[PDB]
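Colleague: So here's data-v6.cif (mmCIF, C-alpha atoms (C1' of nucleotides)).
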```
data_run
loop_
_atom_site.group_PDB
_atom_site.id
_atom_site.type_symbol
_atom_site.label_atom_id
_atom_site.label_comp_id
_atom_site.auth_asym_id
_atom_site.auth_seq_id
_atom_site.Cartn_x
_atom_site.Cartn_y
_atom_site.Cartn_z
ATOM 1 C CA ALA A 1 -21.375 -15.802 9.715
ATOM 2 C CA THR A 2 -20.352 -13.996 6.511
ATOM 3 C CA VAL A 3 -16.625 -14.055 7.032
ATOM 4 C CA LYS A 4 -14.050 -15.319 9.561
ATOM 5 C CA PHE A 5 -10.368 -14.782 10.440
ATOM 6 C CA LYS A 6 -7.959 -14.316 13.370
ATOM 7 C CA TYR A 7 -6.123 -11.278 14.808
ATOM 8 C CA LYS A 8 -3.461 -11.196 17.556
ATOM 9 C CA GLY A 9 -4.566 -14.678 18.681
ATOM 10 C CA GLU A 10 -8.381 -14.940 18.645
ATOM 11 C CA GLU A 11 -10.806 -16.265 16.003
ATOM 12 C CA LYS A 12 -13.715 -14.030 14.948
ATOM 13 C CA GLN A 13 -16.591 -14.175 12.436
ATOM 14 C CA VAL A 14 -19.417 -11.820 11.393
ATOM 15 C CA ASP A 15 -22.293 -11.849 8.881
ATOM 16 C CA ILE A 16 -22.800 -9.168 6.223
ATOM 17 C CA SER A 17 -25.008 -7.416 8.814
ATOM 18 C CA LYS A 18 -21.841 -5.944 10.383
ATOM 19 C CA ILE A 19 -19.328 -5.675 7.512
ATOM 20 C CA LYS A 20 -18.811 -2.503 5.428
ATOM 21 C CA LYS A 21 -15.304 -0.982 5.567
ATOM 22 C CA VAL A 22 -12.929 -3.413 3.844
ATOM 23 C CA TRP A 23 -9.760 -2.490 1.916
ATOM 24 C CA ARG A 24 -6.759 -4.650 0.975
ATOM 25 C CA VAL A 25 -3.029 -3.765 0.837
ATOM 26 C CA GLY A 26 -2.256 -6.955 -1.102
ATOM 27 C CA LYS A 27 -3.322 -9.824 1.183
ATOM 28 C CA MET A 28 -7.103 -10.085 0.957
ATOM 29 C CA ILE A 29 -9.659 -7.569 2.244
ATOM 30 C CA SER A 30 -8.827 -6.061 5.645
ATOM 31 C CA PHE A 31 -12.475 -5.864 6.738
ATOM 32 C CA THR A 32 -14.003 -4.387 9.919
ATOM 33 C CA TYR A 33 -17.021 -6.063 11.565
ATOM 34 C CA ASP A 34 -16.765 -5.681 15.365
ATOM 35 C CA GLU A 35 -14.466 -5.947 18.408
ATOM 36 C CA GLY A 36 -16.642 -6.915 21.400
ATOM 37 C CA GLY A 37 -19.439 -4.355 20.921
ATOM 38 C CA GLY A 38 -19.461 -2.786 17.435
ATOM 39 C CA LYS A 39 -16.349 -0.631 16.913
ATOM 40 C CA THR A 40 -15.702 -1.794 13.326
ATOM 41 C CA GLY A 41 -12.851 -4.072 14.466
ATOM 42 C CA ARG A 42 -10.647 -4.441 11.369
ATOM 43 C CA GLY A 43 -9.332 -7.856 10.328
ATOM 44 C CA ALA A 44 -7.842 -9.501 7.222
ATOM 45 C CA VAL A 45 -10.381 -11.694 5.391
ATOM 46 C CA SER A 46 -8.968 -13.589 2.378
ATOM 47 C CA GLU A 47 -11.221 -15.144 -0.273
ATOM 48 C CA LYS A 48 -10.239 -18.470 1.349
ATOM 49 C CA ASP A 49 -10.923 -17.150 4.870
ATOM 50 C CA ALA A 50 -14.672 -16.576 4.386
ATOM 51 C CA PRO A 51 -17.072 -19.427 3.626
ATOM 52 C CA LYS A 52 -17.202 -18.575 -0.100
ATOM 53 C CA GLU A 53 -18.916 -15.337 0.992
ATOM 54 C CA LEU A 54 -15.964 -13.140 -0.024
ATOM 55 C CA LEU A 55 -14.212 -14.426 -3.163
ATOM 56 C CA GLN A 56 -17.511 -13.460 -4.823
ATOM 57 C CA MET A 57 -17.099 -9.833 -3.704
ATOM 58 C CA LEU A 58 -14.012 -9.589 -5.919
ATOM 59 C CA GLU A 59 -15.722 -11.542 -8.712
ATOM 60 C CA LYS A 60 -17.942 -8.539 -9.483
ATOM 61 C CA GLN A 61 -15.319 -6.001 -8.322
ATOM 62 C CA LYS A 62 -11.746 -6.538 -9.556
ATOM 63 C CA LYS A 63 -13.245 -9.712 -11.057
ATOM 64 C CA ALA B 1 16.553 6.690 -15.151
ATOM 65 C CA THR B 2 12.791 6.042 -15.077
ATOM 66 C CA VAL B 3 12.565 4.619 -11.598
ATOM 67 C CA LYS B 4 14.819 3.839 -8.609
ATOM 68 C CA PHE B 5 14.728 1.782 -5.389
ATOM 69 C CA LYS B 6 16.794 -0.579 -3.206
ATOM 70 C CA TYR B 7 16.724 -4.364 -2.630
ATOM 71 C CA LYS B 8 18.705 -6.411 -0.073
ATOM 72 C CA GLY B 9 21.141 -3.493 0.324
ATOM 73 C CA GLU B 10 21.939 -1.953 -3.083
ATOM 74 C CA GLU B 11 20.435 1.036 -4.932
ATOM 75 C CA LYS B 12 19.272 0.526 -8.531
ATOM 76 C CA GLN B 13 17.571 2.608 -11.246
ATOM 77 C CA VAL B 14 16.358 1.962 -14.815
ATOM 78 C CA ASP B 15 14.616 3.945 -17.578
ATOM 79 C CA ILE B 16 11.360 2.856 -19.222
ATOM 80 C CA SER B 17 13.576 1.103 -21.804
ATOM 81 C CA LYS B 18 13.901 -1.847 -19.385
ATOM 82 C CA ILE B 19 10.678 -1.818 -17.324
ATOM 83 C CA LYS B 20 7.581 -3.898 -18.188
ATOM 84 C CA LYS B 21 6.507 -6.448 -15.548
ATOM 85 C CA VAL B 22 5.286 -4.506 -12.504
ATOM 86 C CA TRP B 23 2.581 -5.628 -10.048
ATOM 87 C CA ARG B 24 1.869 -4.436 -6.494
ATOM 88 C CA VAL B 25 0.710 -6.412 -3.415
ATOM 89 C CA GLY B 26 -0.137 -3.190 -1.561
ATOM 90 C CA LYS B 27 3.150 -1.261 -1.307
ATOM 91 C CA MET B 28 3.766 0.342 -4.694
ATOM 92 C CA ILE B 29 4.590 -1.452 -7.954
ATOM 93 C CA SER B 30 7.049 -4.340 -7.613
ATOM 94 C CA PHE B 31 8.696 -3.691 -10.988
ATOM 95 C CA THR B 32 11.416 -5.673 -12.806
ATOM 96 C CA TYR B 33 14.089 -3.849 -14.846
ATOM 97 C CA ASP B 34 17.403 -5.741 -14.567
ATOM 98 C CA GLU B 35 19.846 -7.482 -12.195
ATOM 99 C CA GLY B 36 23.351 -7.075 -13.669
ATOM 100 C CA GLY B 37 22.583 -8.130 -17.261
ATOM 101 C CA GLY B 38 18.846 -8.103 -18.067
ATOM 102 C CA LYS B 39 17.024 -10.807 -16.071
ATOM 103 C CA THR B 40 13.997 -8.636 -15.203
ATOM 104 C CA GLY B 41 15.267 -8.103 -11.637
ATOM 105 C CA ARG B 42 12.112 -7.335 -9.623
ATOM 106 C CA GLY B 43 12.064 -4.454 -7.138
ATOM 107 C CA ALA B 44 9.474 -2.347 -5.283
ATOM 108 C CA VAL B 45 9.032 1.106 -6.858
ATOM 109 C CA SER B 46 6.632 3.420 -4.974
ATOM 110 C CA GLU B 47 5.162 6.552 -6.574
ATOM 111 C CA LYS B 48 7.596 8.431 -4.295
ATOM 112 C CA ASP B 49 10.517 6.163 -5.258
ATOM 113 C CA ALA B 50 10.607 7.139 -8.955
ATOM 114 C CA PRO B 51 11.348 10.693 -10.090
ATOM 115 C CA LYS B 52 7.656 11.459 -10.729
ATOM 116 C CA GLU B 53 7.892 8.847 -13.512
ATOM 117 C CA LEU B 54 5.633 6.355 -11.703
ATOM 118 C CA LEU B 55 2.843 8.081 -9.749
ATOM 119 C CA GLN B 56 1.630 9.025 -13.242
ATOM 120 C CA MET B 57 1.344 5.346 -14.219
ATOM 121 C CA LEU B 58 -1.379 4.946 -11.588
ATOM 122 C CA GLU B 59 -2.949 8.287 -12.543
ATOM 123 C CA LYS B 60 -4.249 6.774 -15.793
ATOM 124 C CA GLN B 61 -4.556 3.256 -14.309
ATOM 125 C CA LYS B 62 -6.205 2.978 -10.876
ATOM 126 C CA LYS B 63 -6.212 6.789 -11.094
ATOM 127 C "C1'" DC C 1 0.954 7.242 17.607
ATOM 128 C "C1'" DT C 2 1.975 1.759 17.460
ATOM 129 C "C1'" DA C 3 2.109 -2.900 16.012
ATOM 130 C "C1'" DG C 4 -0.811 -6.058 12.941
ATOM 131 C "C1'" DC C 5 -2.542 -9.345 9.009
ATOM 132 C "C1'" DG C 6 -0.598 -10.826 5.002
ATOM 133 C "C1'" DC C 7 0.742 -11.279 0.866
ATOM 134 C "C1'" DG C 8 2.392 -10.825 -4.387
ATOM 135 C "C1'" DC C 9 4.812 -12.613 -7.488
ATOM 136 C "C1'" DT C 10 9.959 -12.771 -7.225
ATOM 137 C "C1'" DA C 11 14.148 -14.821 -9.581
ATOM 138 C "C1'" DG C 12 17.776 -19.768 -10.708
ATOM 139 C "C1'" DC D 1 11.612 -23.714 -3.187
ATOM 140 C "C1'" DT D 2 13.147 -19.315 -0.123
ATOM 141 C "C1'" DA D 3 13.373 -14.809 1.741
ATOM 142 C "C1'" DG D 4 12.195 -9.913 0.131
ATOM 143 C "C1'" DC D 5 10.033 -4.983 -0.380
ATOM 144 C "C1'" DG D 6 6.474 -2.821 1.783
ATOM 145 C "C1'" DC D 7 2.565 -1.278 2.981
ATOM 146 C "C1'" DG D 8 -2.741 -0.189 4.054
ATOM 147 C "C1'" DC D 9 -5.472 1.707 6.825
ATOM 148 C "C1'" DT D 10 -6.167 0.006 11.628
ATOM 149 C "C1'" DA D 11 -8.449 1.247 16.160
ATOM 150 C "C1'" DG D 12 -8.508 4.681 21.367
#
```
Before anything else, please render the file you have as structure tokens.

Modeller:
Amino acid sequence: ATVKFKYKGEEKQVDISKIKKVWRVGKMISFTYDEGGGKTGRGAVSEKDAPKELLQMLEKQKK
Amino acid sequence: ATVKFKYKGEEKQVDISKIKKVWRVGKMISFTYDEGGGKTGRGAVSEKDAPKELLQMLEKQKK
DNA sequence: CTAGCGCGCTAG
DNA sequence: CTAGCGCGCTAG
């Protein structure tokens, strides 16, 4: 419930309790939360993709 | 002669005397040098695209 | 090893 | 307004 998105063709969402590795070519923050059990499961989460629980991560980071 | 690259299907190169606006989604540094006269002319210049005259720009920047 | 999600401004 | 250059790690 911290962020949401869609990969391949399935919607997915996870709270901060499963997010940690998140980089960003130049789209948003390719984050990894899970993939059915807990294998990170990358995904692209844009500040507009999460419920206001992401754009704030860049507010204190790249600001 | 500061950087080089290729857009659409044509090679192009320009010295620092014509480069200034350069951002980067997540590929390198989309820079603008010219387009036949001097209209900026964007282009993607990766640290490996320029003759060692670019990777140094990120050495002091994002390092 | 392989596609995969997107962008970023971009010029006219 | 429109395509355009690429990536980044990404999981197995």

Colleague: Which residue gives the smallest distance to residue 6 in chain D among A:51, A:26, A:5, A:21, with all atoms listed in the file counted?

Modeller: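 For residue 6 in chain D, the nearest of the given residues is A:26.
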
Colleague: Which polymer residues have any atom within 10 Å of an atom of residue 11 in chain D, counting all atoms listed in the file, with same-chain residues fewer than 2 positions away left out, as a PyMOL selection string?

Modeller: (chain A and resi 35+39-42) or (chain D and resi 9)

Colleague: Select, as a ChimeraX atom specification, those residues of chain A with any atom no more than 12 Å from chain C (distances computed using all atoms listed in the file).

Modeller: /A:5-9,24-31,42-46

Colleague: Please, what distance in Å, to one decimal, runs between CA of residue 23 in chain B and CA of residue 19 in chain A?

Modeller: 28.1 Å

Colleague: Kindly list the centre and edge lengths in Å, rounded to one decimal, for the axis-aligned box that covers all listed atoms of chain D plus 3 Å on each of its six sides, as AutoDock Vina command-line options.

Modeller:
```
--center_x 2.4 --center_y -9.5 --center_z 9.1 --size_x 27.9 --size_y 34.4 --size_z 30.6
```

Colleague: What does the structure give for the distance between CA of residue 62 in chain B and CA of residue 47 in chain B, in Å to one decimal?

Modeller: 12.7 Å

Colleague: Report, in Å with one decimal, the straight-line distance from CA of residue 13 in chain A to CA of residue 55 in chain A.

Modeller: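 Between these atoms lies a distance of 15.8 Å.
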